[PDB]
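Here's the structure, in structure tokens; my notes come after.
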Ligand SMILES: O=P(O)(O)OC[C@H]1O[C@@H]2OP(=O)(O)O[C@@H]2[C@@H]1O
Ligand SMILES: O=P(O)(O)OC[C@H]1O[C@@H]2OP(=O)(O)O[C@@H]2[C@@H]1O
Ligand SMILES: [Zn+2]
Ligand SMILES: [Zn+2]
Ligand SMILES: [Zn+2]
Ligand SMILES: [Zn+2]
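Residue numbers (the deposited numbering), protein chains in the order written: chain A, 3 to 145; chain E, 3 to 145; chain F, 2 to 194; chain H, 2 to 279; chain D, 2 to 279; chain G, 1 to 353; chain C, 1 to 353.
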């Protein structure tokens, strides 16, 4: 379940708005010494799609992808792959990924950094879904 | 030569920037009672072009055209046909066209309204021509 | 000096068109065009209403000599812009009275096989729509049959009965009497009863 | 009333008059595609511009307008067109077929029989019934002029030889007044019989393709078929799930991902009448 | 030097290596259009991308680059390409043919004979000499594979029968190494002889069409012609108005609206050399 | 049991509100002004004017803003707005020799009378994304040369005077107007050019490109491309003499094409013509190329590409029609599809019998 | 006598400065921001992303700003920028069933599981120019419904379960990549779809429209159009398990096409597929229509329209290539034209002899 947890928090960081993550990390005032293994680099992720949504693969263009990697003093490696071109955001995501692998930070960050971010994204999504569902065409109602 | 003079001042009014004409007419403080024969109306002028620039006619789309007409107390009729949709500008152009047909106003307006407007347009044109001519490609110079 | 057109051009033209559409789609049915109160004499109310509804700069109009009057021409030009042509073959709308000749009738455009709509519509002013030789009409627009008795010229009756022009070619006939009119399209089978 | 700043019915009088002349010519030449100088509407080409122009050229203040799409008044495009006409004319509107003086429709003829003085206006994408056999107008025009309809008969016979049935299921070609092969618009074959000897005037507008044609009242309209493969209309094993009718064109509503579906009348006014009768 | 933030010569190493393998294959197969996975450049397709990619894949720090268009270094596109290469490589550049190690050209071969170790890189719109006879690659590929060149010979013979002359005046097809019919790029017929048994290596890039081909040094290049209609180069009644040369391709400069014109060498470096000699 | 409910009107209103909110976007950002689009997105405006049929920059920018930058939707908006306006006049024929030049180039001669005037162009730029545009910057202070416009005769006039090309003569033929009468194939060149000017830029560009690749080759050279201000004049019935109503920014392209050798005259270059509103040129070039391609019947040319197929090209050129009809598939089609389904189910049952 | 002078570089610099000044426009107006273009001209951005090959809204808006709204120039800018970037990963195949829906409609059934979700659309709007946009306004306060997204299975899945259509099966074939190897005709469907996604919107729209008018008919019904956010995942070599790198706004179109009766299986509907970045749909619809048209060799169909001619369609679809080659005629061509002139003058002299 460790891999699933790492995937989940990396996902949450990858989907976070850079501004909110930066604000939340500044507020938590985490003191951690790290060195950048791989400087935040912006390149492309080639998008594979499927014929008919389910069939043979074909290349549906590319998207911008920024990747970063850091190492902590104890050797823990943090990584980040986020769509877009925000190098600072990628560095922050990699730092949080490294920290979340340390027993001293996993619980605290999960309660105060990751869960809050996921909840905010879910709230925004729910609001947008309500607005969109206003446009649903009603035809029949069961009596 | 009267028709040429009327064409010239109508042209000058038609090519004038509405703001400068409005400012210049406000400044001249011309007291003239007039009634609008035709309320400023915006429609289309169909553009006829020529094959190869010189041959058979063909219709190259349309452009917006605003027309206005006024009558002075003495029966003089002023008219205006200007590209665009500025009804107030068309009314002003028609009023000036009516006034310019009155002997009491022709000389004064020509010296203080029409000539100044034409000179300003020519100056703007000359400046733009200088800027554009900066892009001319030089190949040979006669020695 | 010029005659007066519809008092409410939009609404009156629409009403007249709907009446004329009823007439053309149901041949032999008499309709009344009441919007215009005085026709441009010698043009009757129905003829003038049809011209005001349909005629314009795109539709040349030919008026036969008995119906060609300077005031009528000036009013038509002013109220519709419709160009007035002196030759029947150049007309989209042809206006005539009982005195229409066979030559003028045969001069009218019938359209072509590929462009059957490119012909002329004949507005004929009849003395009466009720006291002529009884005609039995069959075809499109008529459920079983319809019996009329307009007072028609011999040439017009020959045109209707014999149909020299092969379908889809042919002229569409609008018979006008006062404020009333009836329509016989090229498709109507006409038998002298 | 009309209180939107536009001319009544949104068309200038010149366009109305041109369209009216086209309508009269179409009536006089049943089934023949009359070209007309149609204009761009607030609806995109292919969203009913021809029907809109026809209705605008025929409609008056006392008309009661019914607009339907797929047989339903509440369809998105039906609502759009009807709201547009309410804005630019102010005419009374109805969902009841028997109270409508003008019926503008897309792909259905109402189950309720039409009556004298009613006009039904069809929205037509492809006014040329030979288009899918012969894509070029330069050829189909001549074929209509010369009554050269063999490619259509060959298409039907080849369809029978290949599949055992005529492949066309909607916009089924029809011979009008014994002469003209006409496209009845994208109505399902179920509706084609209603066109034969109908007391109402039928108008057909193809705005994008710039054609108007007409079937006058009480005109023969016969679907092309064979004696041993006679014209047959759509059938369903189920009645309407709401009103129980077995005589109406049915639309298939997919209820769940597990394959559960129901069938309900496409003609919602007819469905309401049937439901109120029971 | 390269101080622009881009890799040397602006191409990533993978693209350079792919193009280099393509160049080697092209050299080993003279006249054959080698497909290659070309990339979009800062110049639009059709503005020299193939030549740009070839030069980027071959150029080094010690190379002296000459870029010409219509035979002139100062042409707009020549200036653009040369400035781009100065930005992304920092290489020395020259207008002198005899001092250039790399010559990238559009539509001219310099009058000054090329020498060993020089590489001339042609910009090619249409790498297929049969394209205007046969628009489809699916056919021209097979024709090159099977050496089925009859349509070209028929084109030439029909041209002679119609006009009395071969109609093609630039991009004149040439047989290379006795086997491959090749497009020499849109150089005038005047330049085709220079391609035969030349000490320099000739490279040809069609970026939009994704082809690279080559003529190694000292390779036979023979323009397709007839014995009684032999290959003839462009001629003019006037010499160069500047240097007086009668042996150079001339460009016609229209001086005034009254029909006054002059003729001047297309090869501006050659013209400067001739003017300095006199 | 199931009961029908009304949902169309409210769903439509909600959808339109959603689209309007998306068009506004983040309210923290200032709302775009039509003036800003007109000034700084001027090439999109040029395309919208040319294909919408109205040469009013402000209206085109308004349509673009309303269309959320969708050029097709904006073109349709302008085209539809055209229908609501009255035709107050018909211009006298344009005289492109009087154009006040912003740009004038010729590919067929190194230098020409009047010179190669590049003007404002993206030609010869290195298409490297300029990230400094992510923040406010300063436009370059333009250098200045002499203000006089040198005589710039049309290159085709210089060709024709030599006998290399044929002057385009005016016989007084009345132009066809496809805005008033539907096209009748084969169309006159006037109708074809009117339709091409209104045609989809991408479609015509692809057709011209195919012609360059051998599918109906016309051996084109860019004889002259001019972009500048041309005066518009009318003759009102009120006054009876010509009045200048202003000027329009237009681009004109004259292409030299493949020469021909007619039986009873010297061989000469053929030619194509393109004319558009604004500065965007490639529409004019493609229009000239496709115009030459559609000239095939005049020259007895055997068609080798779809660009020479008049009906195929013109019937599908107008993106108002094409976009509308392709989008109409989004409309409910379930009656039709039910008609298809019934047939298919019967066919399957019969095959499986 | 005449002496050559250097004019190319300074003329080019002046031309580029002129274009930059025109792009800035009237300095009294605030300079457009890339964020504003991204938010309020989002459909243009969608087109630029789809055809430029990079799904980065900010970069597409930057290209549009730099291109003065010229969609073709912006597409080329983004496409060129692609060349400077490294491929850091290849995504796992997209799974459109996981899309977070902004819009979902189906024309083949009145109502479907998950409902007809119109979302933000201009469909059913009356295209009347909204002059209130000439000044600042207030966006509508959106009404709200339940926030839950109902299950929205693909309509083609419901078709295939009935046996009316065929599931698109994955055999594991390696997709062709036309960005690394030039296309080889006939191309696989993967290559054809990759090219169609990059193709000119107008060209493909016109081709699809021609197919609707009988030039290679495919009897299309809009089986389903979805627009929404789809998650992108990769498998980095560093970690060896899948990571979600974010989500992209994409539109997917599945077209039901004319049924076929194969020798040894029940007759079934054919189908077409379209996929684009952003909300703009008509590109996806045209892509599906042309994909079905180019499926002709698979189904042994006799071609009746250019839309079925694979080489003609695909070789001229990319507007980067087409626009570049049409514009290249603006380049100096006087050497070739001189050769042409020499031949023509000799022909005239010989004829006049
Ligand atoms: O050309 P228009 O604008 O008059 O639209 C006519 C018809 O074309 C489309 O195809 P459809 O039959 O599915 O329904 C739509 C519309 O009703
Ligand atoms: O495809 P590319 O980008 O490599 O451009 C090759 C050639 O295509 C155009 O045609 P051209 O011969 O006139 O000159 C241009 C250019 O040099
Ligand atoms: Zn029911
Ligand atoms: Zn010289
Ligand atoms: Zn449809
Ligand atoms: Zn070229």
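Even for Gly, the Cβ is constructed at its ideal location relative to N, Cα and C.
For a contact meaning CB atoms closer than 8 Å, what does residue 63 of chain C contact in chain G? Taking the seventh chain and counting its residues from 1, the one referred to as residue 63 of chain C is at position 63. Listed along the chain, the chain G residues whose CB falls inside 8 Å of the CB of residue 63 of chain C are 129.
Could you give the C-beta distance for residue 58 of chain H and residue 87 of chain H, rounded to a whole number, given that I count them as a contact under 8 Å? Within the fourth chain, numbered from 1, the residue matching residue 58 of chain H stands at position 57. Within the fourth chain, numbered from 1, the residue matching residue 87 of chain H stands at position 86. Incorrect: roughly 17 Å between the Cβ atoms, too far for contact.
Pairwise C-alpha distance: residue 66 of chain E and residue 45 of chain E: On the second chain, position 43 is the one that residue 45 of chain E refers to. On the second chain, position 64 is the one that residue 66 of chain E refers to. Whole-angstrom Cα-Cα distance: 6 Å.
Using the rule of at least 16 other Cβ atoms within 10 Å of the residue's Cβ for burial, across every protein chain shown, is residue 144 of chain H buried or exposed? Along the fourth chain, read from residue 1 onward, the residue named residue 144 of chain H stands at position 143. Counting Cβ neighbours within 10 Å, residue 144 of chain H comes out buried, since at least 16 surround it.
How is the beta strand (DSSP E) around residue 252 of chain D delimited, first residue to last? Here residue 252 of chain D refers to the residue found at position 251 of the fifth chain. In the DSSP assignment, residue 252 of chain D falls within the unbroken beta strand (DSSP E) covering 251-255.
Chain E contact residues for residue 254 of chain D, given Cβ-Cβ distances below 8 Å: As a position in the fifth chain, residue 254 of chain D is number 253, starting the count at 1. Correct list: 141 and 142.
Got a sec: which bits of the segment 105-119 of chain A sit with their beta carbon under 7 Å from any beta carbon on chain G, in order along the chain? Within the segment 105-119 of chain A, no residue places its CB atom closer than 7 Å to a CB of chain G.
Which residue marks the beginning of the alpha helix (DSSP H) containing residue 84 of chain D, and which one marks its end? Residue numbering aside, residue 84 of chain D sits at position 83 when the fifth chain is read from its first letter. From DSSP, the alpha helix (DSSP H) with residue 84 of chain D extends over 77-89.
State the start and end residues of the unbroken beta strand (DSSP E) segment that holds residue 254 of chain G. Position 254 of the sixth chain, counted from the start, is the residue given in the question as residue 254 of chain G. For residue 254 of chain G, the uninterrupted beta strand (DSSP E) run begins and ends at 243-260, by DSSP.
Residue 115 of chain C burial status per 10 Å Cβ neighbour count (16 or more: buried): Taking the first residue of the seventh chain as position 1, residue 115 of chain C is located at position 115. Residue burial annotation: residue 115 of chain C is buried, with at least 16 other C-beta atoms found within 10 angstroms of its C-beta.
Within its chain, find whatever has a CB closer than 7 Å to the CB of residue 130 of chain F; leave out the 5 residues flanking it on each side and keep chain order. What you label residue 130 of chain F is simply residue 129 of the third chain in a count that begins at 1. Excluding sequence neighbours, residue 130 of chain F sits near 31, 151, 176, 178, 181 and 183.
Confirm, please, whether the CB-CB distance from residue 254 of chain G to residue 55 of chain E is below 9 Å. Looking up residue 55 of chain E in the second chain gives position 53. Looking up residue 254 of chain G in the sixth chain gives position 254. Yes, these two residues count as a Cβ contact at 9 Å.
Going straight from the alpha carbon of residue 79 of chain E to that of residue 238 of chain G, what length do you get? Here residue 79 of chain E refers to the residue found at position 77 when the second chain is read from its first residue. Here residue 238 of chain G refers to the residue found at position 238 when the sixth chain is read from its first residue. The alpha-carbon atoms of residue 79 of chain E and residue 238 of chain G are separated by roughly 10 Å.
With DSSP run on the structure shown, which of helix, strand or coil describes residue 62 of chain C? Start at 1 with the first residue of the seventh chain, and residue 62 of chain C comes out as number 62. Of the three classes helix, strand and coil, the one that applies to residue 62 of chain C here is helix, per DSSP.
Given a threshold of 16 other Cβ atoms within 10 Å of its Cβ, counted over all protein chains shown, does residue 295 of chain C qualify as buried or as exposed? The residue you call residue 295 of chain C lines up with position 295 of the seventh chain. Buried: at least 16 other Cβ atoms inside 10 Å.
If you reduce the DSSP assignment to three classes, tell me which class residue 345 of chain G lands in. The residue given as residue 345 of chain G occupies position 345 in the sixth chain. Three-state result, residue 345 of chain G: helix.
Thinking C-beta only, is residue 4 of chain D closer than 9 Å to residue 72 of chain D? As a first step, residue 72 of chain D is located in the fifth chain; it is residue number 71 there, counting from the start. As a first step, residue 4 of chain D is located in the fifth chain; it is residue number 3 there, counting from the start. At a Cβ-Cβ threshold of 9 Å, residue 72 of chain D and residue 4 of chain D do not count as neighbours.
Consider the Cβ of residue 11 of chain H: report whether some Cβ of chain F lies at a distance smaller than 9 Å. In the fourth chain, counting from the first residue as 1, residue 11 of chain H sits at position 10. Contact of residue 11 of chain H with chain F is not assigned, every C-beta pair being separated by 9 Å or more.
Kindly examine ligand 2 and report whether one of its heavy atoms sits closer than 8 Å to the Cβ of residue 131 of chain D. Residue numbering aside, residue 131 of chain D sits at position 130 when the fifth chain is read from its first letter. No, ligand 2 has no heavy atom inside 8 Å of this Cβ.
Between H/238, H/52 and H/209, which lies nearest to residue 123 of chain H when the distance is taken from Cα to Cα? Locating residue 123 of chain H in the fourth chain gives position 122, where the first residue counts as 1. It is H/52.
Is the beta carbon of residue 23 of chain A closer than 9 Å to that of residue 91 of chain A? In the first chain, counting from the first residue as 1, residue 91 of chain A sits at position 89. In the first chain, counting from the first residue as 1, residue 23 of chain A sits at position 21. In this structure, residue 91 of chain A sits near residue 23 of chain A, with a CB-CB distance shorter than 9 Å.
Are the beta-carbon atoms belonging to residue 196 of chain G and residue 55 of chain G less than 9 Å from one another? Here residue 196 of chain G is taken as the residue at index 196 of the sixth chain, counted from 1. Here residue 55 of chain G is taken as the residue at index 55 of the sixth chain, counted from 1. No, Cβ-Cβ distance for residue 196 of chain G and residue 55 of chain G is not below 9 Å.
Between the alpha carbons of residue 190 of chain F and residue 146 of chain F, how many angstroms are there, rounded? Stepping through the third chain from its first residue, residue 190 of chain F is reached at position 189. Stepping through the third chain from its first residue, residue 146 of chain F is reached at position 145. The straight-line gap from Cα to Cα measures roughly 10 Å.
C-beta atoms of residue 278 of chain C and residue 47 of chain C nearer than 9 Å: On the seventh chain, position 278 is the one that residue 278 of chain C refers to. On the seventh chain, position 47 is the one that residue 47 of chain C refers to. In this structure, the beta-carbon distance from residue 278 of chain C to residue 47 of chain C falls below 9 Å.
Suppose you measure from the CA of residue 37 of chain D to the CA of residue 188 of chain C; what does that come to, to the nearest Å? By 1-based counting over the fifth chain, the position of residue 37 of chain D is 36. By 1-based counting over the seventh chain, the position of residue 188 of chain C is 188. Taking the Cα positions, residue 37 of chain D is about 18 Å away from residue 188 of chain C.
Could you check how far apart the C-beta atoms of residue 78 of chain G and residue 107 of chain G are, in whole angstroms? I think they sit under 8 Å. As a first step, residue 78 of chain G must be located in the sixth chain, where it is residue number 78. As a first step, residue 107 of chain G must be located in the sixth chain, where it is residue number 107. Contact doesn't hold; Cβ gap of about 32 Å is too wide.
Partner residues on chain E for residue 154 of chain G, Cβ-Cβ distance less than 7 Å: Locating residue 154 of chain G in the sixth chain gives position 154, counting from the first residue. The contacting residues are 55.
Which listed residue (C/283, C/18, C/43 and C/270) has its alpha carbon closest to that of residue 300 of chain C: Here residue 300 of chain C corresponds to residue number 300 of the seventh chain, with the count starting at 1. Between residue 300 of chain C and the set C/283, C/18, C/43 and C/270, the nearest pair of CA atoms involves C/270.
Quick one: which residues of the segment 122-133 of chain A get their C-beta closer than 7 Å to a C-beta of chain G? List them in chain order. Taking 7 Å as the upper bound on Cβ-Cβ separation, chain G lies near residues 133 of the segment 122-133 of chain A.
Is it right to say residue 183 of chain C is buried, meaning 16 or more other beta carbons lie within 10 angstroms of its own, or is it exposed? Your numbering for residue 183 of chain C matches position 183 in the seventh chain. Buried, because 16 or more other Cβ atoms sit within 10 Å of the Cβ of residue 183 of chain C.
Can at least three beta-carbon pairs, one atom from the segment 119-130 of chain F and one from the segment 151-164 of chain F, be found at a separation below 8 Å? In the pairwise beta carbon analysis, the segment 119-130 of chain F is classified as touching the segment 151-164 of chain F: at least three pairs are separated by under 8 Å.
Using Cβ-Cβ distances below 9 Å, what residues of the segment 59-85 of chain A are close to chain C? Listed in sequence order: 59, 60, 61, 62, 63, 64, 65, 66, 67, 68, 69, 71, 79, 81, 82, 83, 84 and 85.
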